[PDB]
Amino acid sequence: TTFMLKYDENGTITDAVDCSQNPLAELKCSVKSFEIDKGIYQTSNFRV
Amino acid sequence: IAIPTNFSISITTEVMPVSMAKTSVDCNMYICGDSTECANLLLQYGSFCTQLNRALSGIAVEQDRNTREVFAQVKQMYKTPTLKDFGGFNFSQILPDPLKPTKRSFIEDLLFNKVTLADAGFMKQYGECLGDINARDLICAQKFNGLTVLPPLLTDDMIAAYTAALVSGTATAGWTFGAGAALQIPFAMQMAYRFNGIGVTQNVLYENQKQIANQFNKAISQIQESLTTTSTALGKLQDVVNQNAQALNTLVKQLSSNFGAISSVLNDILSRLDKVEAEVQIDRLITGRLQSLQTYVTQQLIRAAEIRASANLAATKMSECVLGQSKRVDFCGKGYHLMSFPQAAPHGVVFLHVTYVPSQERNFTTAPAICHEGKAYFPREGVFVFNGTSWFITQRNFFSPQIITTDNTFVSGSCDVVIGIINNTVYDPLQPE
Amino acid sequence: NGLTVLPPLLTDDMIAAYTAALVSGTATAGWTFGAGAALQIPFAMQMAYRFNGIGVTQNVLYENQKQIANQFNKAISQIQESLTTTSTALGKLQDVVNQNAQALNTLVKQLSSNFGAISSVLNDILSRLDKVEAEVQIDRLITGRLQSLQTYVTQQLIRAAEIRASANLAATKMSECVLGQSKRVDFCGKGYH
Amino acid sequence: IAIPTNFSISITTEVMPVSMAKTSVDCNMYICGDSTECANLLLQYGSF
Amino acid sequence: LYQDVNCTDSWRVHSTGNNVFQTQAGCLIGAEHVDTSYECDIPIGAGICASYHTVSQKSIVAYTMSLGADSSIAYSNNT
Ligand SMILES: *[C@@H]1O[C@H](CO[C@@H]2O[C@@H](C)[C@@H](O)[C@@H](O)[C@@H]2O)[C@@H](O[C@@H]2O[C@H](CO)[C@@H](O[C@@H]3O[C@H](CO)[C@@H](O)[C@H](O)[C@@H]3O)[C@H](O)[C@H]2NC(C)=O)[C@H](O)[C@H]1NC(C)=O
Ligand SMILES: *[C@@H]1O[C@H](CO[C@@H]2O[C@@H](C)[C@@H](O)[C@@H](O)[C@@H]2O)[C@@H](O[C@@H]2O[C@H](CO)[C@@H](O[C@@H]3O[C@H](CO)[C@@H](O)[C@H](O)[C@@H]3O)[C@H](O)[C@H]2NC(C)=O)[C@H](O)[C@H]1NC(C)=O
Ligand SMILES: *[C@@H]1O[C@H](CO[C@@H]2O[C@@H](C)[C@@H](O)[C@@H](O)[C@@H]2O)[C@@H](O[C@@H]2O[C@H](CO)[C@@H](O[C@@H]3O[C@H](CO)[C@@H](O)[C@H](O)[C@@H]3O)[C@H](O)[C@H]2NC(C)=O)[C@H](O)[C@H]1NC(C)=O
Ligand SMILES: *[C@@H]1O[C@H](CO)[C@@H](O[C@@H]2O[C@H](CO)[C@@H](O[C@@H]3O[C@H](CO)[C@@H](O)[C@H](O)[C@@H]3O)[C@H](O)[C@H]2NC(C)=O)[C@H](O)[C@H]1NC(C)=O
Ligand SMILES: *[C@@H]1O[C@H](CO[C@@H]2O[C@@H](C)[C@@H](O)[C@@H](O)[C@@H]2O)[C@@H](O[C@@H]2O[C@H](CO)[C@@H](O)[C@H](O)[C@H]2NC(C)=O)[C@H](O)[C@H]1NC(C)=O
Ligand SMILES: *[C@@H]1O[C@H](CO[C@@H]2O[C@@H](C)[C@@H](O)[C@@H](O)[C@@H]2O)[C@@H](O[C@@H]2O[C@H](CO)[C@@H](O)[C@H](O)[C@H]2NC(C)=O)[C@H](O)[C@H]1NC(C)=O
Ligand SMILES: *[C@@H]1O[C@H](CO)[C@@H](O)[C@H](O)[C@H]1NC(C)=O
Ligand SMILES: *[C@@H]1O[C@H](CO)[C@@H](O)[C@H](O)[C@H]1NC(C)=O
């Protein structure tokens, strides 16, 4: 799976996002940020 | 000098694109389909897809903004009048019919018939596509490759409601609702004001009201009949639709092009070749398909710039011809603009520009000024003409001779300076006493 | 190298005929031929009307007709003399011409660039290498030259958009300044048009 | 208040581009010249 | 929002947790439909907009966009 890891000032991994958990996580991984603004965003087409 | 003696009411159609299709691309779907290996290789290659989707989403928001700027120019949704006849002017064709189920006006129905929009609605279920595979539908083909078209925010019904509100406001209030609060005014008086606004006195409109109303109605019927034909009047909107469809279809067809790889079929490459050679070939294919998507997005941006210019012009036309009378030459129809009406059309608007076209010009002998006693009188508001026996002062755009009198003339200087001055007499109103 | 320039549909003589017709119409009819049927009017009276347009009474034009005509003639002669020199007044049109020529010439020159291939000379590649290796090198060259053509076409599209904006503005100027008197500030020259 | 007493008739020039050169490209000629092998390879590559 | 799914009556959706319902733009999951019309906050499409409102707690509510304040301004021919 694909993960977005966060490296802080000291270079330690302090947080991560699992891109496949839910649509919100996929959006976070696509925009490359832990914070998403209010609105509507296109995500991946429904995959099976 | 040639002075028109009669006039015609002309109604001309101006077709303007206002928006184009909002599209989005599933970069992974288009480039890799359902291959996991290709998805990992695309991740390794680098994500240029976020940039593409940022551009496309900007374009889509821009399309919604274009539609809002063109059509959403009224604060309040004025109700459609019960009666469609205003002082003899018949608005039935351009206002929604209470009885019919369309909810749009008749001309709007004709316009929506003229343009072929390909697929109706923006919903295509997976079962639908799988159940009609034999018919190689283009929409299914491009949805299976990650290309999707998003519905416009404002539906055709809402745009038609905006158009109906605009038409009703101009019919009942006129120009006053574009500046402040809509002020009611009888339609004939509004027409008299708009006649005064092109240099023709209100007397002309009031004294020929029925004839002018008949001319307006006949013009409406003639535009209706011309639209009720297989003519390509709406070629611009059809061109926009065709351009969008062709761009998507060529994007679908470009998937068949080898980009220096042994094949354009990902499954074939992955079935024949192991990880390394497959990676080489798939890198070539990824580069090629990324270039195809980038070309599509660049062309979409350029087309969207053109469409935004058209939409800005359409908004300006709605502001200056629908919400007011424009004095700019050839901006709101050809001739002396009287008014305009908007009609929704697929991906655009159609302006019915009502203009005053003078006709039946008659020749007269003219004079720059009139020498009376020892002073040069000038027409003030009008022009001097020779009717054959007596000199008269008449407005330029409509031959209405009037007795020359101090009221309609202003004196300045002596007759020596004037070059082509003509000897004549100028009556004075005080002479009756 | 396959790059051709197509002649414009309207010849320079035809465009000059259009310009002459426009000038003659404004001289004889004036503004009336932009709305309906051209109506004849003496030029002095048209000048009086256009003076009334900018808020100056007609007697100003009529009582100073000879002086105003002399000023107009002198202005015409001054523009003639200014154009007669070797100035860069028409820098915009020369810029358009130079841009087109430079785009085509850089397209020609880019054929010398290797795009990762051993050489930019197709004949050399086909003379040294057999079908497969030549195919690899020629595929590199094809990708590069297709990119060159795509860049040229994209730049042409952007330039054409700019030229279209200019041409739309020129058509608007023709309508509102030639076929009529514009009240917009600083649209048709600086001053009271 | 300042009121003008005289006036001048000014004639100013406005230079406006209207059109640019119409061009067309023989894609095969540019990319391949007169080579038949290159023409076949270009066909195989795809018609952009 | 699933643009190509009909859920009026297994669906191709992610979770279908609750508040599943159909709109002109497709199957919306996770929003409470309200019959009142407001101004558009988050445009969904096909005349549908979403917002974050206090609910009978705060939740995502989808509704039909309000085109504007309806007014009469009745026509008259002598006033
Ligand atoms: C100008 O010429 C019109 C007729 O010209 C022709 O018809 C016009 C309606 C336009 O379509 C023109 O492009 C076209 O060439 C003269 O009008 C004719 O007579 C009457 C009176 O003007 C017109 O309507 C009348 O209106 C009232 C109310 O009904 C009554 O007098 C009559 O019952 C009649 O309806 C009539 O439509 C028109 N004739 C035709 C065949 O259209 C007009 O008189 C003339 N100019 C002026 C200043 O009167
Ligand atoms: C406004 O001022 C002008 C003169 O001003 C100068 O000339 C104008 C034509 C414009 O180019 C201005 O920008 C410029 O500053 C007065 O009229 C002109 O004055 C001249 C000189 O006095 C007049 O003489 C004419 O030409 C020669 C030289 O004097 C003689 O043969 C004649 O006497 C002839 O009149 C001339 O009439 C006039 N210019 C012409 C006709 O081209 C002007 O009087 C003043 N304002 C008003 C309201 O009159
Ligand atoms: C999404 O699905 C809804 C509901 O599901 C519909 O009914 C199911 C039993 C299945 O057959 C589904 O495949 C089918 O879609 C659809 O709503 C349906 O719309 C149709 C077309 O407007 C309605 O048929 C009409 O109903 C009346 C009574 O006959 C008349 O207007 C017409 O004669 C015609 O028969 C149908 O009643 C309606 N169903 C319900 C339950 O409301 C919907 O069309 C479909 N697609 C969308 C929403 O895009
Ligand atoms: C304003 O213009 C509309 C044009 O739509 C007029 O409505 C039209 O009126 C005519 C004449 O009555 C109708 O023709 C009739 O149609 C049927 C046969 O098709 C039948 O009733 C008669 O034999 C006659 O031919 C026409 O259908 C009708 N059109 C519509 C769309 O309703 C309207 O009358 C005008 N209003 C005024 C006040 O003049
Ligand atoms: C880690 O670095 C921090 C300072 O960086 C901040 O805190 C980090 C934990 C992380 O969140 C960064 O992005 C921040 O910018 C050090 O924090 C201080 O460390 C000193 C000792 O060096 C300690 O006495 C203080 O209490 C700490 N707190 C603050 C607020 O300064 C931290 O020590 C580093 N970790 C080490 C040295 O192991
Ligand atoms: C109106 O025109 C007549 C005829 O001349 C024509 O129009 C002039 C304005 C000019 O453009 C001429 O070249 C045209 O041929 C004018 O008649 C002239 O006037 C003189 C002096 O009175 C007379 O003897 C001559 O026959 C005419 N001269 C010429 C060269 O034609 C007339 O004066 C003009 N009227 C006005 C009020 O301007
Ligand atoms: C000119 O005016 C007179 C004024 O009585 C009028 O009788 C005549 O018909 C008019 N027309 C012509 C051509 O003289
Ligand atoms: C006008 O009348 C005056 C006398 O009042 C005369 O001198 C002059 O010549 C006349 N003008 C014309 C143009 O006939």
Side-chain angles (χ1 to χ4, degrees), chain B residues 22 24 60-61 64-65 68 71-74 76-78 80-81 83-87 91 121-129 139-140 143 148-159 161-162 164-165 168-169 171-174 176-177 181-189, chain E residues 1-8 10-15 19-31 33-34 36-53 60-72 74-79:
Chain B
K22 320 193 307 191
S24 37
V61 173
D64 287 330
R65 184 161 83 251
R68 185 174 55 253
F71 290 107
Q73 294 202 9
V74 277
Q76 306 120 33
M77 317 291 295
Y78 306 94
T80 304
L83 82 172
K84 308 293 197 70
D85 183 309
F86 307 110
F91 275 65
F122 300 86
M123 163 159 184
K124 175 78 81 183
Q125 295 171 249
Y126 183 74
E128 291 171 21
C129 281
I139 306 308
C140 288
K143 285 188 80 77
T148 183
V149 184
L150 310 171
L153 173 59
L154 282 167
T155 56
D156 288 341
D157 299 271
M158 305 180 138
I159 296 162
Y162 273 127
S168 324
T172 70
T176 47
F177 78 94
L183 300 158
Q184 99 204 243
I185 188 172
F187 193 85
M189 308 201 24
Chain E
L1 177 73
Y2 303 86
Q3 186 186 357
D4 298 298
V5 167
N6 199 346
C7 54
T8 288
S10 62
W11 298 321
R12 290 169 64 90
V13 296
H14 281 112
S15 73
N19 315 295
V20 180
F21 77 101
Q22 192 71 14
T23 83
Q24 302 297 330
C27 192
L28 189 62
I29 299 183
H33 179 70
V34 299
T36 291
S37 292
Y38 314 93
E39 307 70 342
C40 207
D41 189 46
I42 303 170
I44 306 306
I48 305 297
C49 302
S51 195
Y52 201 54
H53 281 173
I60 302 163
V61 298
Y63 54 97
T64 294
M65 179 178 348
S66 172
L67 297 196
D70 299 25
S71 149
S72 303
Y75 167 111
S76 182
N77 64 289
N78 64 298
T79 53

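All values below come from the heavy atoms of this structure, side chains included, with hydrogens, waters and symmetry mates left out. Throughout, a chain's letter reflects where its sequence line sits, starting with A, and its residues are numbered from 1.
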Could you tell me the separation between the CD1 atom of E:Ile44 and the CG atom of B:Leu150, rounded to the nearest 0.5 Å?
12.0 Å

Between chain E and each of B:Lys124, B:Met189, B:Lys22, count heavy-atom pairs under 4.5 Å; write down the option with the most.
B:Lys124

B:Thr148 meets the side chain to side chain donor-acceptor pair (under 3.5 Å) criterion, sequence neighbours left out, with E:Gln3

I need the single residue from E:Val5, E:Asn6, E:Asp4 that forms a side-chain contact (heavy atoms from CB on, under 4.5 Å) with B:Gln125. Which is it?
E:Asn6

Between [X] and [Y], what is the shortest heavy-atom contact and its length?
X        : Y        : answer
E:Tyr75  : B:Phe187 : OH-N, 3.8 Å
B:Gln184 : E:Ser76  : OE1-CB, 3.6 Å
B:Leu153 : E:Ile48  : CD1-O, 4.2 Å

Could you tell me if the side chain of E:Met65 sits less than 4.5 Å from the side chain of B:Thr155, heavy atoms only?
no

Side chain, backbone, both or neither: which part of B:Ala188 has an atom under 4.5 Å from a heavy atom of chain E?
neither

